[PDB]
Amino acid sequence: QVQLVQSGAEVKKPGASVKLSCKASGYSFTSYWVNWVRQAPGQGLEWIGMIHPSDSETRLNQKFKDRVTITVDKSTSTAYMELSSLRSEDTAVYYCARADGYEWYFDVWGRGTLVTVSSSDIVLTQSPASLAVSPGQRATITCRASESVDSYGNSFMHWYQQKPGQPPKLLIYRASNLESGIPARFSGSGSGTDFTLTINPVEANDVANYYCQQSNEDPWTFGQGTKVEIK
């Protein structure tokens, strides 16, 4: 199997350092970007940065430029992320995720590391916040972007699915391409700034959160998320 094995949860005092690790196996470590993406309570999914292990080329979210350092050890196939001067708003789940160059959607996700601290960009806007649907119906989620996420004949818009105690899961990449292994009832369309995810017909296993994410321009950004329930 292809996997990213993440270090355990840490409890940090304010102002301290936290160095997470992310160990890879099953694929060519030096052929993919390793991204760090945190799930902050109240703020949501935000991309921290990425490193390419072939030569440790990094690309940071400017929101994090002065606090985060990212590193790799090729001999151990391990990526590291050290975030410093920890604040209470740093408490989050920290995922590492794999991505191809030029694409920068996230197809393999580590488990995540919960970090707890005691005591411009393209903005993505999803609607509705929650959707109730009975099985057999066609469910439609919307994602709107600040600017166009189209470029060189492609729309760099991707959709993910998340269930409790489980990282996001890629469903659609570049607006309309079904990721291998995802059932044909998941469908994607749109262009420019407006995109739609369709589940048809909904099943009881499609109860989850769904997020869009753009990779047209730095930094990568996620929507705030849409919940699908069953009624």
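All residue numbers are counted from 1 along the displayed sequence.
Unmodelled residues of the deposited sequence between neighbouring positions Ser119 and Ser120 number 10 or more. Stretches 137 to 145 and 92 to 100 differ in mean C-alpha B factor, with the higher average recorded for 137 to 145. In this crystal structure, the stretch out of 120 to 128 and 152 to 160 whose C-alpha atoms carry the higher mean B factor is 120 to 128. For the set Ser180, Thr58, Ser31, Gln43, the PDB entry puts the maximum C-alpha B factor at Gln43.
Per the deposited record, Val202 carries the highest C-alpha B-factor of all listed residues (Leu170, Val202, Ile48, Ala175). Among all modelled residues in this chain, the alpha-carbon of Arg67 has a temperature factor (C-alpha) in the highest third.
In the deposited entry, the Cα temperature factor of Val207 sits in the middle third of values across the chain's modelled residues. Ranked against the other modelled residues of its chain, the C-alpha B-factor of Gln39 as given in the entry falls in the middle third. Among the modelled residues of its chain, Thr193 has a C-alpha B-factor that falls in the middle third according to the deposited record. The entry lists a Cα temperature factor for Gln166 that places it in the highest third of the chain's modelled residues.
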